Each structure stands twice: as structure tokens, then as C-alpha cells.
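Coordinates from data.cif are shown below (mmCIF, C-alpha atoms).
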data_input
loop_
_atom_site.label_atom_id
_atom_site.label_comp_id
_atom_site.auth_asym_id
_atom_site.auth_seq_id
_atom_site.Cartn_x
_atom_site.Cartn_y
_atom_site.Cartn_z
CA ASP A 283 24.48 14.19 29.38
CA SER A 284 26.23 17.43 30.32
CA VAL A 285 27.51 17.51 26.72
CA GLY A 286 24.20 16.22 25.36
CA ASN A 287 25.56 12.99 23.91
CA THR A 288 23.07 10.15 24.01
CA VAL A 289 23.72 6.42 24.06
CA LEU A 290 24.53 6.35 20.37
CA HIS A 291 26.65 9.50 20.45
CA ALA A 292 28.78 7.68 23.02
CA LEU A 293 29.16 4.37 21.21
CA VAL A 294 30.62 6.26 18.27
CA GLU A 295 32.96 8.24 20.48
CA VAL A 296 34.25 5.38 22.60
CA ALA A 297 35.52 3.44 19.59
CA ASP A 298 39.05 3.90 18.28
CA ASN A 299 38.89 1.98 14.98
CA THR A 300 40.37 -1.22 16.41
CA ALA A 301 38.92 -4.58 15.48
CA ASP A 302 37.38 -5.50 18.82
CA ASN A 303 35.76 -2.09 19.21
CA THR A 304 34.53 -2.06 15.63
CA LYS A 305 33.22 -5.60 15.95
CA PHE A 306 31.68 -4.55 19.23
CA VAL A 307 30.25 -1.10 18.67
CA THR A 308 28.48 -1.93 15.43
CA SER A 309 26.64 -4.72 17.20
CA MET A 310 25.46 -2.73 20.20
CA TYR A 311 24.74 0.09 17.79
CA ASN A 312 22.53 -2.38 15.93
CA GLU A 313 20.49 -3.64 18.86
CA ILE A 314 19.59 -0.37 20.55
CA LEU A 315 18.15 0.84 17.28
CA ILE A 316 16.14 -2.37 16.94
CA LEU A 317 14.92 -1.83 20.49
CA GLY A 318 14.23 1.86 20.03
CA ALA A 319 12.20 0.84 17.01
CA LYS A 320 10.27 -1.87 18.84
CA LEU A 321 9.74 0.18 21.99
CA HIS A 322 9.07 3.71 20.77
CA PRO A 323 8.67 3.58 16.96
CA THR A 324 8.90 7.33 16.37
CA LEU A 325 12.19 8.32 18.04
CA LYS A 326 14.72 9.04 15.29
CA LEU A 327 17.73 8.37 17.49
CA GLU A 328 20.16 8.87 14.61
CA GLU A 329 18.76 12.39 14.08
CA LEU A 330 19.20 13.79 17.59
CA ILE A 331 21.71 16.53 18.20
CA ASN A 332 24.43 17.10 20.77
CA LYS A 333 25.25 20.58 22.01
CA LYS A 334 27.93 20.96 19.34
CA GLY A 335 25.32 20.19 16.68
CA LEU A 336 26.75 16.92 15.46
CA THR A 337 24.51 13.92 14.90
CA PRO A 338 26.05 10.49 15.64
CA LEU A 339 27.05 9.94 12.06
CA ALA A 340 28.43 13.47 12.02
CA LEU A 341 30.43 12.70 15.13
CA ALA A 342 31.62 9.45 13.61
CA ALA A 343 32.88 11.11 10.48
CA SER A 344 34.18 14.11 12.41
CA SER A 345 36.28 12.28 14.96
CA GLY A 346 37.13 9.79 12.21
CA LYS A 347 35.67 6.45 13.27
CA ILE A 348 35.95 4.45 10.05
CA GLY A 349 34.51 1.19 11.26
CA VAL A 350 31.47 2.86 12.67
CA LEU A 351 31.12 4.98 9.56
CA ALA A 352 31.03 1.84 7.46
CA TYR A 353 28.25 0.31 9.48
CA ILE A 354 26.06 3.39 9.72
CA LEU A 355 25.99 3.76 5.95
CA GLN A 356 26.00 0.23 4.55
CA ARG A 357 23.93 -1.41 7.27
CA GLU A 358 21.18 -3.83 6.38
CA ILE A 359 18.51 -4.91 8.86
CA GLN A 360 16.74 -7.98 7.51
CA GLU A 361 14.50 -8.08 10.57
CA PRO A 362 10.91 -7.01 9.78
CA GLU A 363 9.19 -4.20 11.70
CA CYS A 364 12.58 -2.42 11.83
CA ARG A 365 13.53 -2.24 8.15
CA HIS A 366 12.97 1.51 7.86
CA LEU A 367 16.25 2.06 9.69
CA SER A 368 18.33 0.29 7.08
CA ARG A 369 20.17 2.18 4.35
CA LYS A 370 21.76 -0.37 2.00
CA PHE A 371 18.55 -1.59 0.50
CA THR A 372 18.43 -4.01 -2.40
CA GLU A 373 16.12 -3.39 -5.31
CA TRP A 374 15.94 -5.78 -8.29
CA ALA A 375 18.16 -8.83 -7.98
CA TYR A 376 18.01 -11.05 -11.06
CA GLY A 377 19.93 -13.98 -9.67
CA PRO A 378 23.63 -13.23 -9.27
CA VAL A 379 23.11 -9.51 -9.85
CA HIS A 380 21.67 -7.21 -7.21
CA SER A 381 21.23 -3.44 -7.38
CA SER A 382 21.57 -1.54 -4.12
CA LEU A 383 20.30 1.85 -2.92
CA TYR A 384 22.81 3.36 -0.47
CA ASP A 385 20.80 6.07 1.26
CA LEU A 386 21.93 9.68 1.14
CA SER A 387 19.82 11.59 3.68
CA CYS A 388 22.66 13.05 5.74
CA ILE A 389 25.70 12.61 3.47
CA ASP A 390 24.95 15.02 0.62
CA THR A 391 25.54 18.75 0.61
CA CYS A 392 21.97 19.67 1.53
CA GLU A 393 22.03 19.27 5.30
CA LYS A 394 24.13 21.33 7.69
CA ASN A 395 26.53 18.69 9.01
CA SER A 396 26.79 16.35 6.08
CA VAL A 397 29.63 13.88 6.53
CA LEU A 398 31.20 14.78 3.24
CA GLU A 399 31.20 18.41 4.28
CA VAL A 400 32.78 17.31 7.56
CA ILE A 401 35.28 14.75 6.33
CA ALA A 402 37.00 17.02 3.86
CA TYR A 403 36.96 20.39 5.62
CA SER A 404 37.89 19.02 9.02
CA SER A 405 41.30 19.30 10.64
CA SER A 406 44.13 16.93 9.85
CA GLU A 407 43.95 16.00 13.55
CA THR A 408 41.06 13.70 12.64
CA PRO A 409 42.72 10.36 11.85
CA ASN A 410 41.77 8.55 8.69
CA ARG A 411 40.32 11.44 6.72
CA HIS A 412 41.35 9.46 3.68
CA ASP A 413 40.19 5.95 4.48
CA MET A 414 36.68 7.17 5.33
CA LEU A 415 36.19 8.30 1.74
CA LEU A 416 37.06 4.77 0.59
CA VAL A 417 33.85 3.39 2.05
CA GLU A 418 31.59 2.05 -0.69
CA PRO A 419 29.00 4.78 -1.37
CA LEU A 420 31.11 7.87 -0.67
CA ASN A 421 33.85 6.71 -3.01
CA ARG A 422 31.58 6.06 -5.97
CA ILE B 705 37.40 19.22 -1.60
CA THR B 706 37.29 20.63 -5.11
CA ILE B 707 33.90 19.05 -5.70
CA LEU B 708 32.37 20.48 -2.55
CA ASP B 709 33.82 23.94 -2.98
CA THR B 710 32.41 23.81 -6.50
CA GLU B 711 28.95 22.84 -5.29
CA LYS B 712 28.96 25.85 -2.98
CA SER B 713 29.71 28.06 -5.98
CA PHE B 714 26.16 27.01 -6.85
CA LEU B 715 24.27 28.89 -4.14
CA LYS B 716 21.41 26.54 -3.13
CA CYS B 717 19.89 25.41 -6.42
CA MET B 718 21.31 21.85 -6.47
CA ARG B 719 18.98 21.29 -9.44
CA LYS B 720 21.51 19.11 -11.26
CA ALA B 721 23.20 18.08 -8.01
CA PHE B 722 20.62 16.22 -5.90
CA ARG B 723 22.71 13.25 -6.80
CA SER B 724 20.55 10.66 -8.53
CA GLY B 725 18.10 8.78 -6.40
CA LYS B 726 15.20 10.98 -7.29
CA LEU B 727 13.23 10.09 -4.16
CA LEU B 728 13.00 6.40 -4.98
CA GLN B 729 10.55 4.77 -2.60
CA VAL B 730 12.15 1.87 -0.73
CA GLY B 731 9.36 0.61 1.48
CA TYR B 732 7.02 2.05 4.05
CA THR B 733 7.33 3.66 7.45
CA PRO B 734 6.61 1.59 10.56
CA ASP B 735 3.14 3.11 10.67
CA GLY B 736 1.96 2.88 7.04
CA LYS B 737 3.20 5.92 5.15
CA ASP B 738 5.62 5.92 2.23
CA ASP B 739 9.39 6.08 2.68
CA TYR B 740 10.65 8.17 -0.23
CA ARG B 741 14.38 8.65 0.30
CA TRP B 742 17.28 9.84 -1.82
CA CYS B 743 19.38 6.86 -2.86
CA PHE B 744 22.44 6.57 -5.05
CA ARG B 745 22.27 3.31 -6.99
CA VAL B 746 24.97 0.67 -7.18
CA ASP B 747 25.02 -2.44 -9.32
CA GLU B 748 26.84 -5.51 -8.06
CA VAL B 749 27.17 -9.26 -8.49
CA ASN B 750 27.92 -12.24 -6.27
CA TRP B 751 28.33 -15.71 -7.76
CA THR B 752 28.75 -17.66 -4.52
CA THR B 753 25.86 -15.99 -2.73
CA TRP B 754 22.72 -15.89 -4.86
CA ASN B 755 20.89 -12.89 -3.35
CA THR B 756 17.72 -14.47 -2.04
CA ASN B 757 17.99 -11.81 0.67
CA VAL B 758 14.70 -10.42 1.92
CA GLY B 759 14.13 -6.75 1.14
CA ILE B 760 13.41 -6.69 -2.59
CA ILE B 761 11.63 -3.46 -3.44
CA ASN B 762 10.60 -4.19 -7.02
CA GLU B 763 9.10 -7.39 -8.40
CA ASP B 764 9.84 -6.78 -12.06
CA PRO B 765 13.61 -6.22 -12.21
CA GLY B 766 15.22 -3.15 -13.64
CA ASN B 767 14.98 0.60 -14.00
CA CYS B 768 12.69 2.08 -16.65
CA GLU B 769 9.47 4.06 -17.00
CA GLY B 770 7.21 1.91 -14.82
CA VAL B 771 8.13 0.67 -11.35
CA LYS B 772 6.06 -1.83 -9.36
CA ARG B 773 6.59 -2.55 -5.70
CA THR B 774 6.94 -5.87 -3.89
CA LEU B 775 5.02 -7.41 -0.98
CA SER B 776 7.71 -6.09 1.36
CA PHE B 777 5.51 -6.74 4.40
CA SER B 778 3.00 -4.06 3.40
CA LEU C 111 -22.43 -14.81 -6.69
CA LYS C 112 -19.39 -12.54 -6.32
CA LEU C 113 -17.80 -10.98 -9.36
CA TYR C 114 -14.07 -11.38 -9.69
CA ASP C 115 -11.68 -8.85 -11.21
CA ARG C 116 -8.02 -8.91 -12.20
CA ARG C 117 -6.76 -6.56 -9.48
CA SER C 118 -8.20 -8.83 -6.81
CA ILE C 119 -6.39 -11.75 -8.42
CA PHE C 120 -2.94 -10.13 -8.61
CA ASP C 121 -3.24 -9.11 -4.97
CA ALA C 122 -4.75 -12.36 -3.70
CA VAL C 123 -2.39 -14.60 -5.67
CA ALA C 124 0.50 -12.79 -3.98
CA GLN C 125 -1.20 -13.29 -0.62
CA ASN C 126 -1.34 -17.03 -1.38
CA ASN C 127 -4.93 -17.54 -0.20
CA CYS C 128 -6.45 -20.27 -2.35
CA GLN C 129 -9.71 -19.85 -0.43
CA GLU C 130 -10.08 -16.46 -2.10
CA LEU C 131 -9.24 -18.07 -5.46
CA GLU C 132 -12.08 -20.56 -5.10
CA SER C 133 -15.22 -19.08 -6.71
CA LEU C 134 -13.14 -18.30 -9.81
CA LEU C 135 -13.85 -21.53 -11.70
CA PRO C 136 -17.63 -21.12 -11.32
CA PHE C 137 -17.28 -17.46 -12.32
CA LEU C 138 -14.82 -18.12 -15.14
CA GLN C 139 -16.90 -20.89 -16.69
CA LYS C 140 -20.14 -18.95 -16.21
CA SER C 141 -19.01 -15.64 -17.69
CA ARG C 142 -17.34 -17.28 -20.76
CA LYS C 143 -14.13 -15.65 -19.48
CA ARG C 144 -10.68 -17.14 -20.06
CA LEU C 145 -7.63 -16.76 -17.84
CA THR C 146 -5.80 -15.54 -20.96
CA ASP C 147 -7.66 -12.34 -21.82
CA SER C 148 -7.11 -8.57 -21.73
CA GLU C 149 -8.88 -8.47 -18.37
CA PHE C 150 -6.41 -10.87 -16.72
CA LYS C 151 -3.16 -9.33 -17.96
CA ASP C 152 -1.14 -6.16 -17.33
CA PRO C 153 -2.03 -3.10 -19.48
CA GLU C 154 1.55 -1.88 -19.96
CA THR C 155 4.05 -4.69 -19.40
CA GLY C 156 1.85 -7.64 -20.28
CA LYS C 157 1.61 -10.48 -17.79
CA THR C 158 -0.36 -13.41 -16.43
CA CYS C 159 -1.57 -14.13 -12.92
CA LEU C 160 0.79 -17.13 -13.15
CA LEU C 161 3.75 -14.75 -13.46
CA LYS C 162 2.67 -12.67 -10.46
CA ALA C 163 2.32 -15.95 -8.60
CA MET C 164 5.84 -16.92 -9.61
CA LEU C 165 7.23 -13.55 -8.54
CA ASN C 166 5.61 -13.62 -5.09
CA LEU C 167 6.92 -17.12 -4.44
CA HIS C 168 7.63 -16.85 -0.74
CA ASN C 169 9.42 -19.86 0.77
CA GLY C 170 9.29 -21.52 -2.65
CA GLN C 171 5.78 -22.61 -1.74
CA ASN C 172 3.11 -20.92 -3.80
CA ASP C 173 0.36 -23.51 -4.18
CA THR C 174 -2.10 -21.18 -5.93
CA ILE C 175 0.08 -21.82 -8.99
CA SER C 176 -1.14 -25.42 -9.07
CA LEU C 177 -4.65 -24.08 -8.52
CA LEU C 178 -4.99 -21.83 -11.56
CA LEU C 179 -3.00 -24.13 -13.84
CA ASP C 180 -5.64 -26.80 -13.25
CA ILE C 181 -8.33 -24.20 -13.94
CA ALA C 182 -7.42 -23.42 -17.55
CA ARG C 183 -6.96 -27.14 -18.09
CA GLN C 184 -10.72 -27.30 -17.48
CA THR C 185 -11.09 -24.34 -19.88
CA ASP C 186 -9.23 -26.48 -22.52
CA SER C 187 -6.68 -23.71 -23.00
CA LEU C 188 -3.32 -24.06 -21.23
CA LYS C 189 -0.64 -23.36 -23.82
CA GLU C 190 -1.18 -19.65 -24.36
CA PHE C 191 -0.55 -18.28 -20.88
CA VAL C 192 2.06 -20.76 -19.70
CA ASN C 193 4.03 -19.45 -22.69
CA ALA C 194 3.14 -15.91 -21.65
CA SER C 195 5.71 -13.37 -22.78
CA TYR C 196 5.95 -9.95 -21.20
CA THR C 197 5.07 -7.66 -24.11
CA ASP C 198 7.30 -4.80 -22.97
CA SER C 199 10.49 -3.70 -24.72
CA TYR C 200 12.53 -3.90 -21.54
CA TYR C 201 11.03 -7.36 -21.09
CA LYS C 202 10.17 -9.34 -24.22
CA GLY C 203 9.96 -13.11 -23.93
CA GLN C 204 10.19 -13.75 -20.21
CA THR C 205 8.05 -16.74 -19.23
CA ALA C 206 7.31 -18.54 -16.00
CA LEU C 207 10.10 -20.95 -16.86
CA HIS C 208 12.75 -18.23 -17.07
CA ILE C 209 11.70 -17.11 -13.59
CA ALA C 210 11.45 -20.57 -12.07
CA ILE C 211 15.03 -21.07 -13.21
CA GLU C 212 15.98 -17.76 -11.58
CA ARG C 213 14.28 -18.70 -8.33
CA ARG C 214 15.89 -22.13 -7.78
CA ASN C 215 12.73 -24.24 -7.76
CA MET C 216 13.20 -27.63 -9.38
CA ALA C 217 9.56 -28.44 -8.64
CA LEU C 218 8.17 -25.35 -10.34
CA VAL C 219 10.30 -26.13 -13.39
CA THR C 220 9.03 -29.71 -13.37
CA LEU C 221 5.37 -28.70 -13.15
CA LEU C 222 5.39 -26.09 -15.92
CA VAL C 223 7.16 -28.45 -18.32
CA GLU C 224 4.74 -31.27 -17.50
CA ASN C 225 1.88 -28.84 -18.08
CA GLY C 226 3.39 -28.13 -21.50
CA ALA C 227 5.77 -25.22 -21.00
CA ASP C 228 8.04 -24.31 -23.89
CA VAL C 229 11.80 -24.64 -23.45
CA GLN C 230 12.98 -22.72 -26.52
CA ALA C 231 11.44 -19.55 -25.13
CA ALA C 232 13.51 -16.60 -26.32
CA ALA C 233 14.03 -13.74 -23.85
CA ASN C 234 15.25 -11.33 -26.52
CA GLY C 235 14.84 -7.96 -24.85
CA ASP C 236 16.90 -5.20 -23.25
CA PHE C 237 17.46 -6.33 -19.67
CA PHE C 238 18.44 -9.61 -21.27
CA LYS C 239 20.65 -7.78 -23.79
CA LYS C 240 24.40 -7.06 -23.70
CA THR C 241 23.96 -3.28 -23.38
CA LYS C 242 27.14 -1.83 -21.89
CA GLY C 243 25.00 0.88 -20.20
CA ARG C 244 21.69 -0.43 -18.88
CA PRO C 245 22.95 -3.53 -17.01
CA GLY C 246 21.45 -6.98 -16.91
CA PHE C 247 22.42 -10.62 -16.68
CA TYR C 248 23.39 -11.88 -20.13
CA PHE C 249 22.77 -15.53 -20.62
CA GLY C 250 21.86 -17.01 -23.98
CA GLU C 251 18.34 -15.49 -23.91
CA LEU C 252 17.17 -19.08 -23.84
CA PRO C 253 16.27 -21.23 -20.81
CA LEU C 254 18.88 -23.97 -20.38
CA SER C 255 21.52 -21.31 -20.92
CA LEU C 256 19.99 -19.55 -17.94
CA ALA C 257 20.17 -22.78 -15.97
CA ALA C 258 23.72 -23.22 -17.18
CA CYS C 259 24.87 -19.76 -16.11
CA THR C 260 23.08 -20.16 -12.75
CA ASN C 261 24.48 -23.35 -11.18
CA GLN C 262 21.23 -25.30 -11.62
CA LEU C 263 22.87 -28.36 -13.15
CA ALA C 264 19.91 -30.47 -12.04
CA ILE C 265 17.60 -28.25 -14.04
CA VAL C 266 20.02 -28.42 -16.96
CA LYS C 267 19.86 -32.21 -17.00
CA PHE C 268 16.07 -32.14 -16.74
CA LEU C 269 15.43 -29.72 -19.60
CA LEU C 270 17.68 -31.85 -21.78
CA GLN C 271 16.53 -35.33 -20.75
CA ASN C 272 12.83 -34.71 -20.06
CA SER C 273 10.30 -36.55 -22.19
CA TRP C 274 7.65 -33.87 -22.73
CA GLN C 275 9.95 -31.46 -24.58
CA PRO C 276 13.69 -32.13 -24.84
CA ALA C 277 15.67 -28.91 -24.91
CA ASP C 278 17.69 -28.01 -27.98
CA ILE C 279 21.30 -28.00 -26.83
CA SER C 280 22.30 -26.04 -29.94
CA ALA C 281 19.96 -23.07 -29.71
CA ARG C 282 20.72 -19.63 -31.11
#

Since I need it in another form, could you write the structure as C-alpha cells?
Amino acid sequence: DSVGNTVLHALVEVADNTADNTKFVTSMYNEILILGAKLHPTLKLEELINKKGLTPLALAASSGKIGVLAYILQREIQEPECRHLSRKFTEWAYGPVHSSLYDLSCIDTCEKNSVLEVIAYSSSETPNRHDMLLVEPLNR
Amino acid sequence: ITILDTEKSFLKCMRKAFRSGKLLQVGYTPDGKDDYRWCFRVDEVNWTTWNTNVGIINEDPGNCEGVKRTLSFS
Amino acid sequence: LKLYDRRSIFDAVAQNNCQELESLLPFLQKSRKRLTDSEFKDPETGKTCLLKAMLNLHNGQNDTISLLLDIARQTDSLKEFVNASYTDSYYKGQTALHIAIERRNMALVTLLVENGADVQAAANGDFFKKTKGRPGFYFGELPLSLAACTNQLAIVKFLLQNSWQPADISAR
């Protein structure tokens, strides 16, 4: 668009952490990725960049969209042919136990706009600075 | 904040800060190549659900010297 | 005649194509080879094809298991590899039975026992140890304890009341 936000950059933005949005946005955010995998299996939609530089996840953490930030990190796509997109993978699971592998690609202090660099250093005008860091991986 | 400001006091080395996950492979791309990705581990348990969930990456359970991948739709 | 190596087994048994695992029994009986032999194991961990079959048990319906169990029965040597213990340190004692209990397959438990599987198989190892660091599910390192700590009450009652080998309720 004029600002450069794509479909996904919008779905993040339009939410306001309510239940219906969060129930909603995570779902539509799921499908379009599944489609963008099945249609054009090279486009890394979650790695495109708006004019301000922020990736969707970066925008989510920046503007402080907790429900979206949950989903983007601890997703899990069981569907084959589109498993590469998932992050919360499960390695060895000996019955009741299961060891998981929360991905880190854009949430460690190696990339430019890592969420954890954004969440902490951002303004207090971003609601729920605190509750974002209580999501499962970032906390531990 | 204190953590991050401390990491920046280390210029770019990160040598003891790439935050374990050691490029653990977790599958394959949707063309055939490997999918090495940094991954912090987490151990869990669920007694009601029994974790027959598809997506196992390693046949032999655990974490030691010697990893062996699963037929994760190769 | 096609020769027949261990790597092609471990792959093909996971694929669950019994047609591939067909010219074995001619080859096995010809070459004097046994399914329990340094060829058909794992160099580091120690294994059997049977184990790899039990791991890659998609839909609970590996039938190649019944295939190669019948094969060694023709080779008058069943006991050794059904009671096949991983010879690792991290894994030391794990049999097909310990896995079939893990994987919720009454039938696969039934079969192995009827074939002559041991039920006092000790999984004394490290994953199966109490170590407060390296995690792992601690049961009693002994099968019916695994069935007990795993909601498989049916399999508990079978291991106890079966005829072939009644389980010792008072193991250690």
C-alpha cells in the first residue's frame, strides 16, 4: 500500500487484543500463509518489510498486539507441505513428555528489529509491554 | 532491559549468546533442502493428551551425541 | 539374485513396503546370515530392524513387523532380537515391548509376547533414570510399570494374566 503494509501487516494492525479479534486474526493469519505456501512456495511473507522497516511480527510486538504475538511464535501447522512455516516444533515425545523447539529467527538480538529489542526499548504508549514478555518462549 | 543493554556491551561476538539451539535441524524446506534453525528448547508434559501429534523430528528420544531424524514426510 | 544390506532394510521397513522385504528370506537363508548380526544392527546405539519398524509405526499399522518376525522363526532364532536392548548408555535395555507400551498398541504388545518377548526387561539407563538435569520419564524401568504410569490398564492386565509369561508384580 502507500505505507507498504501487506495483507499480513494489516491483520496485525487491525487487531486490538480483544477476544473476537484475536480469535479471528490468528485464523485468517493462518490460512493466507497456508495458501501462500501452496500457491507460491518461495514467498517469505513473514519476512517482507514495510516502509518503516518493521516485519509483521515486529509490528505486532511494536504496537503491542499480544494475541497475535502469541500465535506468531507458538504456532503449529500440522498440515503437511506447509510445515516449514511452523515454529513450535516438537522433537522427542516419550509418551506424556514432549520437548518443543520454539524458533528464534527474529526474536534474538542478532537481527535489526528483533521483538525483544522492540518490546523493551519501545515507548510506554505501546499497551501491554509487560504481558507480551509473559508469552511462553520469551519469558523462559 | 538490563539483559539487552548488557548484550550490546558485547559488540557483535554473541559467541556465548546465540542462545542455545545450535542450528538444530527441524525438518526440510518445501523443496528438499535442510531447515537448520535456531531453537530454544522447552520440556513439557501433558497427562490428558498423550502427544501423538505429527511432527516428531527425532525417532530415538532425547538429546545426546547422536541425533537421528524421523520420516517427517521426507 | 539381489543382495540385501542393512541400510536398505532400515529405510524400507520405515516405508512399510513388504514387497521390498520379500527376497530377504531366500537371501538370508542362502547367505547363512541371521537377522541378529552385526550387519543388521546399529553401529553406535545398537538396534534391530524390529525396533526401527516399531518406531516408524504410522497409523499403528506396520505389517512388516509380522513379516520379519516370521522370518527368524524359520531361522530357528527368535529370542535374541525380540529381547534386543539398545546398547547405548543413554539407552540401555529398551526393547520392542517398552516401545509398544509407549505407542498404545495392544496388538503389538500381544504379538511380541506371543512370539516370546520378555516382560522383566530392565530399561536401566539415563533417559530412564531420575536425573534432575537431563529429563526423562521415570517409570519403574520395567514394563508393566510403564503400562501402569501410562493409562494402559488393558496392557497391565494382559502382562499380568497372560499365559506365555506372567509379569512379576513385585519387580525391582

Please write the residues picked by the PyMOL selection byres ((chain B) within 10 of (chain C)) on this file as a list in words. residues 747, 748, 749, 751, 752, 754, 756, 758, 763, 764, 765, 766, 767, 768, 769, 770, 774 and 775 of chain B

Please indicate the distance in Å from atom CA of residue C:263 to atom CA of residue C:234, rounded to one decimal place.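 That distance, rounded to one decimal, is 23.0 Å.
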
So what does the PyMOL selection byres ((chain A and resi 298) around 10) actually pick up in this one, as an NGL selection string? :A and (294-297 or 299-304 or 345-350 or 409)

Specify as a PyMOL selection string each residue included when the PyMOL selection byres ((chain A) within 8 of (chain C)) is applied to this file. chain A and resi 376-379

Contacts of residue A:344 at 8 Å (all atoms listed in the file; same-chain gap of 2+ positions) as a PyMOL selection string: chain A and resi 340-342+346-347+397+400-401+404+408

If I take atom CA of residue A:310 and atom CA of residue B:728, how far is one from the other in Å, to one decimal?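 A separation of 29.5 Å between them.
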
Using only C-alpha atoms, which residues sit within 8 Å of residue A:286 once same-chain residues fewer than 4 positions away are excluded, as a ChimeraX atom specification? /A:331-333

Would you save the residues from that selection as a CSV table (one decimal), in the coordinates of the input, using C-alpha atoms?
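Heads up, here's the output in again01.csv:
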chain,number,residue,atom,x,y,z
A,331,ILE,CA,21.7,16.5,18.2
A,332,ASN,CA,24.4,17.1,20.8
A,333,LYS,CA,25.2,20.6,22.0

Using all atoms listed in the file, determine which residues of chain B fall within 8 Å of chain A; present them as a PyMOL selection string. chain B and resi 705+708+711+722-723+730-734+739+741-751+753-766+777

Give the answer as one residue: which of A:356, A:337, A:368, A:405 has the shortest atom-to-atom distance to residue A:393, using only C-alpha atoms?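 With only C-alpha atoms as the atom set, the closest residue is A:337.
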
Let me know the centre plus edge lengths, in Å and rounded to one decimal, of a box with edges along x, y and z that contains all listed atoms of stretch 141-144 of chain C and is padded by 4 Å on every side, as AutoDock Vina command-line options.
--center_x -14.8 --center_y -16.5 --center_z -19.2 --size_x 16.3 --size_y 9.6 --size_z 11.1

Figure out the distance between atom CA of residue C:140 and atom CA of residue C:227, please, to one decimal in Å.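 So the two atoms, atom CA of residue C:227 and atom CA of residue C:140, lie 27.1 Å apart.
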
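Residue nearest residue C:268, chosen from C:240, C:232, C:138, C:223 and counting only C-alpha atoms: C:223.
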
Expected residue set, 8 Å radius at (-0.1, -25.8, -24.4), all atoms listed in the file, as a PyMOL selection string: chain C and resi 187-190+192-193+225-227

Min atom-atom distance to residue C:217 from the set C:173, C:251, C:180, C:186, counting all atoms listed in the file, belongs to C:173

Subset file: stretch 368-382 of chain A, N, CA and C atoms, as a tab-separated table (two decimals), in the first residue's frame:
chain	number	residue	atom	x	y	z
A	368	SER	N	5.82	-23.43	10.51
A	368	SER	CA	5.62	-23.55	11.94
A	368	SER	C	6.87	-23.13	12.69
A	369	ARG	N	6.69	-22.81	13.97
A	369	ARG	CA	7.78	-22.52	14.88
A	369	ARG	C	7.82	-23.49	16.05
A	370	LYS	N	6.71	-23.66	16.76
A	370	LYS	CA	6.70	-24.56	17.91
A	370	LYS	C	6.68	-25.99	17.41
A	371	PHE	N	7.86	-26.46	17.05
A	371	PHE	CA	8.01	-27.85	16.69
A	371	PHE	C	8.17	-28.70	17.94
A	372	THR	N	7.87	-29.98	17.78
A	372	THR	CA	8.03	-30.97	18.82
A	372	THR	C	9.04	-32.01	18.37
A	373	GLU	N	10.16	-32.06	19.08
A	373	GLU	CA	11.10	-33.15	18.97
A	373	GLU	C	10.60	-34.24	19.90
A	374	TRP	N	11.50	-35.14	20.31
A	374	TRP	CA	11.21	-36.33	21.11
A	374	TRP	C	10.08	-36.16	22.10
A	375	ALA	N	9.16	-37.11	22.05
A	375	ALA	CA	7.98	-37.11	22.90
A	375	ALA	C	7.77	-38.54	23.37
A	376	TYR	N	8.35	-38.87	24.51
A	376	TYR	CA	8.25	-40.20	25.10
A	376	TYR	C	6.99	-40.23	25.93
A	377	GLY	N	5.87	-40.46	25.27
A	377	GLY	CA	4.60	-40.56	25.94
A	377	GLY	C	4.12	-39.23	26.47
A	378	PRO	N	3.95	-39.10	27.79
A	378	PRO	CA	3.38	-37.85	28.32
A	378	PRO	C	4.27	-36.65	28.11
A	379	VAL	N	5.57	-36.87	28.03
A	379	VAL	CA	6.55	-35.81	27.87
A	379	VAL	C	6.65	-35.45	26.40
A	380	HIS	N	6.94	-34.19	26.12
A	380	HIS	CA	7.24	-33.73	24.78
A	380	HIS	C	8.10	-32.48	24.87
A	381	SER	N	9.19	-32.48	24.12
A	381	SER	CA	10.18	-31.42	24.13
A	381	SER	C	9.97	-30.58	22.88
A	382	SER	N	9.84	-29.28	23.06
A	382	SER	CA	9.49	-28.37	21.98
A	382	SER	C	10.64	-27.41	21.67
